[PDB]
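Chemist: Below is the sequence, then the experimental coordinates.
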Amino acid sequence: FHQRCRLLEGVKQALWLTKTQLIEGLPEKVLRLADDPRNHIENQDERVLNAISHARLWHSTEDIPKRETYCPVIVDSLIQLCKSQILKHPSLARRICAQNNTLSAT
Amino acid sequence: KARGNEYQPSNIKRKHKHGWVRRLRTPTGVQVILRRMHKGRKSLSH
Amino acid sequence: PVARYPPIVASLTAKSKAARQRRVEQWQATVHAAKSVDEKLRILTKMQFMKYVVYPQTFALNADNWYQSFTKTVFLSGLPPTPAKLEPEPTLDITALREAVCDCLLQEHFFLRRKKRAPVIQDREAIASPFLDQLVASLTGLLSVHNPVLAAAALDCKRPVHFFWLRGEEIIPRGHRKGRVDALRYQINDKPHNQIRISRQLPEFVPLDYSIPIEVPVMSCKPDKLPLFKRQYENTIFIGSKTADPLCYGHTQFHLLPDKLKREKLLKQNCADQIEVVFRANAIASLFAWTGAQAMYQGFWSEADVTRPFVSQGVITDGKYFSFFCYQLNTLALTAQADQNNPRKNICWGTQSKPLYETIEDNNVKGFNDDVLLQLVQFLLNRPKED
Amino acid sequence: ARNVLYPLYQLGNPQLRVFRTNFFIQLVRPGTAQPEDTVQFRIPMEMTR
RNA sequence: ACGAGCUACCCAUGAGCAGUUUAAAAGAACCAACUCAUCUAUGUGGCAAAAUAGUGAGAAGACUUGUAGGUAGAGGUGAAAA
RNA sequence: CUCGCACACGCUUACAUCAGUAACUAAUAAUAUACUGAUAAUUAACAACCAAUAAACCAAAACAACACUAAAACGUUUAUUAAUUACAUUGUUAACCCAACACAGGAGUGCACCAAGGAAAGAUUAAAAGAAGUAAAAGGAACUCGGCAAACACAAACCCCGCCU
Ligand SMILES: [K+]
Ligand SMILES: [K+]
Ligand SMILES: [K+]
Ligand SMILES: [K+]
Ligand SMILES: [Mg+2]
Ligand SMILES: [Mg+2]
Ligand SMILES: [Mg+2]
Ligand SMILES: [Mg+2]
Ligand SMILES: [Mg+2]
Ligand SMILES: [Mg+2]
Ligand SMILES: [Mg+2]
Ligand SMILES: [Mg+2]
Ligand SMILES: [Mg+2]
Ligand SMILES: [Mg+2]
Ligand SMILES: [Mg+2]
Ligand SMILES: [Mg+2]
Ligand SMILES: [Mg+2]
Ligand SMILES: [Mg+2]
Ligand SMILES: [Mg+2]
Ligand SMILES: [Mg+2]
Ligand SMILES: [Mg+2]
Ligand SMILES: [Mg+2]
Ligand SMILES: [Mg+2]
Ligand SMILES: [Mg+2]
Ligand SMILES: [Mg+2]
Ligand SMILES: [Mg+2]
Ligand SMILES: [Mg+2]
Ligand SMILES: [Mg+2]
Ligand SMILES: [Mg+2]
Ligand SMILES: [Mg+2]
Ligand SMILES: [Mg+2]
Ligand SMILES: [Mg+2]
Ligand SMILES: [Mg+2]
Ligand SMILES: [Mg+2]
Ligand SMILES: [Mg+2]
Ligand SMILES: [Mg+2]
């Protein structure tokens, strides 16, 4: 199963091949970690509104950017917004990103 | 509606229709080369 | 009871050169009357005449000397003069920074395994490019606690930068427009590896009217001998984002030299002094396009000049050898009819190339230079003045 | 060399060596302005960089 | 024997249609680019072996158009004008 | 007064510097993008040249959120191979091409309508006839095959033949 493999019953086949149980909704640890106002960036509403506009309209000289341009930009822009919380939580420096690694599990 | 300019130049078309390669691919074409060589033409084909 | 003499300006519809100047001065006044900065850029860049295409990463034997003439830039050896301010200096633990940078080197070199490479030549373009992505991200996050500005800044990864300007004049040699005067137009299409943009402008290094004894070199040949080739396409002035973006200023740039400009390639081509030329040529062209684009997004142009100097920083690197540059833009009226009397000049301080690591092998970095790391930290600690 | 038949190259062939070159070079004065380091030559058609 | 570089039709591969009116990109409507050529006047060894000036019809379609290929005279092709 | 810059296709040095034109070329003269002689030139980043097999994948382009009928150009990833070795070769001029002409004709795309490109009159006199344009007393189709043409008009209705584009 590589990246470009399509499954017909995507939720059902993945559940069967992995022997998992689907639970609707994010876990309570994750969900209660975002409802607290003490875990919000400054101007969260405004900056995200700028991130969406920058991703889809501002980042390119053309009037209508194509999807392959604004799909990785919007994700990286949102990563930077939550990366700025390292000053409030000085433990995010333990993270690092990797690109196009080779993974295998049989 | 104003005839006289029927010749629109094109190198791709000229070398594909009257080229040396085409002249040697058909048995009738080779006879055209033979006639022009016998007559003494300076240019057998394009 | 007072005579009212008509003005003595030249005619507007005549064929004479004085009339043509008045026609030119007519559209010059159209830009002034425009309100939105977008409309000013539209009028300046709506004509599509022939222009030279300037590549920041070039193989010309003497590129920095020619690029200075096109830009009116005087290159100063060494780092820019110190701010001479000893306000409370941050305390940074080098061990944490050293470990973070070493982890970036060890990952993309030894730890992170790639797909099998049949050539086995191990192209440095495919290895150093992900290293720069992690190095910028690692240092921006780590230094965010000491510099709050980097938290609010935006990171751009391989985003094009464009600039367009006129310089000097030329008499057309050949064609039906023979003998008529036509200005020389230049274009820079740059793709910086990384960018940091700030809502607030960085402070200046030297005052706007800074008199330097050295002069801009003047070539005695056509630009076609560089070589440079004329081309015609859209004239674009770009900062990495459209004008509506609130982040209209820049902080630093990161550039990666391509495969064709490696140190090993230059040695085989019998090129010794060309190693530093490539670094200098890349910084002068890239930084000027960035600083020039910032000025024109604020409404400043050839007839409005520049009120406050625009400062941007650059870090040209190839994968192992790092160079640091600082650029300050004082002049924007580079047009021949507008540069008749302009004593101001653009200054670009530069640094000699220095290695960062040495013979990294088996998750062990043998050699390491902290001064390069310390210099990189100093660049990322630059902050706008607060009020 | 010009007007000669080069050996066809396959994998592992020996280095190609020419001992008496058939090429001849003219050094000419440039007709336009040239930089200080540029020298202009006239070379036969079968000569590469 | 030689000709589909003009033209009739078709197979590939591309590229154009702004504004205005309407739930409409409806072989709808107003009007340009663009494509045809209704009427009259000049022209008639002429600018032109079929044009110029004014005026006209279509202008999101059965539409115009570039490149290149296919069908050849007892034939090709044709929304038949021999 | 306003069809301007560039690419593709085509043409093939007709381009540039200097000199000469009694005569040849321009439908004339000055003169030289167009005639003669000598010398010189277009430098690659743009453009051409620029891997094969096996496997997974029913889900349109129209700001594409989602739909219509006429059912639609536009590929990624995994696997097995792929000489690995600075600098290869080729197109870069022009006022140009197809029409016997330096022809009021024909000619695809991008961006502007201008900052760019150009000159309707060789010099006179101010006859007829002819062509093109503007204005008019009173009348307003009495002209004529027909309101053809022209107009400060730019509307209304009937009939014949085809349904309509
Ligand atoms: K054919
Ligand atoms: K004509
Ligand atoms: K020619
Ligand atoms: K009658
Ligand atoms: Mg003929
Ligand atoms: Mg044709
Ligand atoms: Mg055809
Ligand atoms: Mg329309
Ligand atoms: Mg219609
Ligand atoms: Mg007409
Ligand atoms: Mg007419
Ligand atoms: Mg009339
Ligand atoms: Mg109509
Ligand atoms: Mg109609
Ligand atoms: Mg045949
Ligand atoms: Mg028949
Ligand atoms: Mg028909
Ligand atoms: Mg009949
Ligand atoms: Mg009949
Ligand atoms: Mg000819
Ligand atoms: Mg003449
Ligand atoms: Mg002369
Ligand atoms: Mg000559
Ligand atoms: Mg004639
Ligand atoms: Mg005249
Ligand atoms: Mg006359
Ligand atoms: Mg008369
Ligand atoms: Mg009248
Ligand atoms: Mg009257
Ligand atoms: Mg009557
Ligand atoms: Mg009568
Ligand atoms: Mg009649
Ligand atoms: Mg009428
Ligand atoms: Mg009747
Ligand atoms: Mg009918
Ligand atoms: Mg009927």
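Modeler: Noted; the coordinates are in hand. Residues are numbered from 1 along each chain as shown, chains lettered A, B, ... in the order given. Ligands and ions are numbered 1, 2, ... in the order given.

Chemist: can you list the residues that contact stretch D:2-12?
Modeler: D:13, D:16, D:22-23, D:44, D:46-47 (C-beta atoms under 8 Å, 6 or more residues apart in numbering or on different chains). In this view, the C-beta of every residue, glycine as well, is placed from N, C-alpha and C.

Chemist: which among those residues gets closest to chain A?
Modeler: Within the contacts of stretch D:2-12, the smallest distance to chain A is 37.3 Å, found for residue D:13 (C-beta to the nearest C-beta).

Chemist: Mind telling me what element the closest one is part of?
Modeler: Of the helices and strands defined by DSSP states H and E, none includes residue D:13.

Chemist: how many other residues sit next to it?
Modeler: As a burial measure, residue D:13 scores 9 neighbours (other C-beta atoms under 10 Å in any protein chain shown).

Chemist: For it, give me its contacts.
Modeler: Counting by C-beta under 8 Å, 6+ apart, residue D:13 touches residue D:7.

Chemist: same question, residue C:313
Modeler: Listed by C-beta under 8 Å, 6+ apart, the contact set of residue C:313 reads C:202, C:251-253, C:324-327, C:379, C:382.

Chemist: Repeat the analysis, applying 10 Å as the threshold.
Modeler: Contacts for residue C:313 (C-beta atoms under 10 Å, 6 or more residues apart in numbering or on different chains) come out as C:80, C:196, C:202, C:205, C:250-253, C:283, C:287, C:290, C:324-327, C:349, C:378-380, C:382.

Chemist: Buried members of those into PyMOL, please.
Modeler: For the buried members of the contacts of residue C:313, the matching PyMOL selection, counting by 16 or more other C-beta atoms under 10 Å in any protein chain shown, is:
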select buried, chain C and resi 80+196+202+205+250+251+252+253+283+287+290+324+325+326+327+349+379+380+382
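
Chemist: Of the contacts of residue C:313, which ones also sit close to RNA strand F?
Modeler: For RNA strand F, no contacts are drawn from the contacts of residue C:313 by C-beta under 7 Å from any atom of the strand.

Chemist: Columns secondary structure and distance to residue A:60 on top of the contacts of stretch D:2-12, output as TSV?
Modeler: Output for these, formatted as TSV (DSSP: H, G, I helix; E, B strand; the rest coil; distance: C-beta to C-beta, whole Å):
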residue	secondary structure	distance to residue A:60
D:13	coil	51
D:16	coil	50
D:22	coil	56
D:23	coil	52
D:44	coil	50
D:46	coil	48
D:47	coil	46
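
Chemist: Which one of the residues you listed is nearest to residue C:190?
Modeler: Closest approach to residue C:190 among the contacts of stretch D:2-12 (C-beta to C-beta): residue D:47, at 36.5 Å.

Chemist: OK, contacts around residue A:20?
Modeler: Taking C-beta under 10 Å, 6+ apart, we find residue A:20 in contact with residue A:14.

Chemist: quick one: the closest residue in space to residue B:20 that isn't next to it in sequence from residue C:106, how far?
Modeler: Of all residues not flanking residue B:20 in the chain, residue B:45 sits nearest, at 4.9 Å (C-beta to C-beta, 6 or more residues apart in numbering or on different chains). Using C-beta to C-beta, to the nearest Å, residue B:45 is found at 68 Å from residue C:106.

Chemist: What's the local residue count around the residue of the stretch 251-387 of chain C found nearest RNA strand F?
Modeler: Here the stretch 251-387 of chain C gets closest to RNA strand F at one residue, residue C:268, 3.3 Å apart by C-beta to the nearest atom of the strand. Counted with other C-beta under 10 Å, residues neighbouring residue C:268 total 8.

Chemist: mind listing what it touches?
Modeler: Counting by C-beta under 10 Å, 6+ apart, residue C:268 touches residue C:262.

Chemist: Just the contacts of residue C:313: which are in helices?
Modeler: Among the contacts of residue C:313, the subset assigned to helices under DSSP state H consists of C:283, C:287, C:290, C:378-380.

Chemist: which among those residues gets closest to residue A:60?
Modeler: Within the ones in helices among the contacts of residue C:313, the smallest distance to residue A:60 is 17.5 Å, found for residue C:290 (C-beta to C-beta).

Chemist: tell me the contacts of that closest one?
Modeler: By C-beta under 10 Å, 6+ apart, residue C:290 lies in contact with C:161, C:163, C:188, C:190, C:192, C:195, C:197, C:238-240, C:249-250, C:253, C:310, C:312-314, C:327, C:329.

Chemist: Find the residue closest to it in space, skipping its chain neighbours.
Modeler: residue C:312 (5.2 Å).

Chemist: so the one you found bridges to which residues?
Modeler: For residue C:312, the beta-bridge partners under DSSP bridges are residue C:327.

Chemist: For it, grab the count of nearby residues.
Modeler: Applying other C-beta under 10 Å, we find 27 residues neighbouring residue C:312.

Chemist: Residue C:103 too?
Modeler: Residue C:103 is flanked by 15 other residues according to other C-beta under 10 Å.

Chemist: what sits against it?
Modeler: Counting by C-beta under 10 Å, 6+ apart, residue C:103 touches A:96, C:111, C:134-135, C:138.

Chemist: nearest to residue D:37, of those?
Modeler: Relative to residue D:37, the closest of the contacts of residue C:103 is residue C:135; by C-beta to C-beta it sits at 37.4 Å.

Chemist: Near the nearest residue to residue D:16 once chain neighbours are set aside, how many other residues are there?
Modeler: Nearest residue to residue D:16, sequence neighbours excluded (C-beta to C-beta, 6+ apart): residue D:7, at 6.5 Å. Residue D:7 has 8 neighbours, counted by other C-beta under 10 Å.

Chemist: thinking again about what came up before, quick one: the residue of the stretch 251-387 of chain C closest to RNA strand F and residue C:15, what's the gap?
Modeler: Residue C:268 sits 58 Å away from residue C:15, taking C-beta to C-beta as the criterion.

Chemist: How about residue A:84?
Modeler: Distance of residue A:84 to residue C:15, given as C-beta to C-beta: 62 Å.

Chemist: what about the helices in chain C?
Modeler: Counting by DSSP H, chain C has helices at residues C:17-33, C:37-44, C:63-71, C:94-106, C:125-142, C:148-152, C:263-268, C:274-297, C:370-380.

Chemist: How many neighbouring residues does residue C:333 have?
Modeler: So residue C:333, with other C-beta under 10 Å, has 21 neighbours.

Chemist: who touches the longest helix anywhere in chain A?
Modeler: Determined from DSSP H, the single longest helix within chain A is helix A:67-83. Identification of contacts with helix A:67-83 by C-beta under 10 Å, 6+ apart yields A:39, A:41, A:44, A:47-48, A:50-52, A:54-60, A:62, A:65, A:92, A:95, A:97, C:137, C:140-141, C:144, C:150-157, C:159.

Chemist: what angle do it and helix C:125-142 make?
Modeler: Using axes from the mean of the first three to the mean of the last three C-alpha atoms, to 10 degrees, the direction of helix A:67-83 lies 30 degrees away from that of helix C:125-142.
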